[PDB]
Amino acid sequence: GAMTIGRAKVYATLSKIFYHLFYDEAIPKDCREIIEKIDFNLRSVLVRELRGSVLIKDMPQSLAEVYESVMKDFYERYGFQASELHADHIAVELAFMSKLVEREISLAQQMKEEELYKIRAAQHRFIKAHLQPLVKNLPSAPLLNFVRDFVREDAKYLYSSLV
């Protein structure tokens, strides 16, 4: 219903926005109006470094060295098509969540209770293990603050919806 539609929209839109900013491209009107009220003045050079292995500063060094591959294997287990960008980049992690929520919509409409539960547990695992640590370590900026609040709310929602 409404919740899932909203979640799909936010993940897909935020992913698109970070892709555009990565490549120093203009944000299209459709995206802009969804997300305004603020800034879209994030430097492309900053955005290129919004990666888990870079932002999570206390990540054990040995883990930091294999982290992109850990991410890549997670994606492959859910048949997800990993971009041109590094696997631990925020744009890619958001795009992966977008794909999982899209699959959640299709499965809920098909009334597949078991698969639905599993896809929601995977969303929860991914957020707690990967996406949330990344977003909590973003520098301060209005777009970045928006993303962290959303992910924080999304983790709580997924937890309560699973128990």
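We number the residues from 1 along the sequence you see.
Unmodelled residues of the deposited sequence between neighbouring positions residue 37 and residue 38 number 1 to 3. In this entry, 40-48 shows the higher mean Cα temperature factor of the pair 40-48 and 132-140. With 3-11 and 153-161 compared on mean CA B-factor from the PDB entry, the stretch scoring higher is 153-161. In the PDB entry, the Cα temperature factor peaks, among 106, 61, 123, 53, at 106. Per the deposited record, the Cα B-factor of residue 70 falls in the lowest third when ranked against the other modelled residues of its chain.
When the modelled residues of the chain are ordered by C-alpha B-factor, residue 101 sits in the middle third. Residue-level temperature factors show residue 84 in the highest third of its chain, judged at the C-alpha atom.
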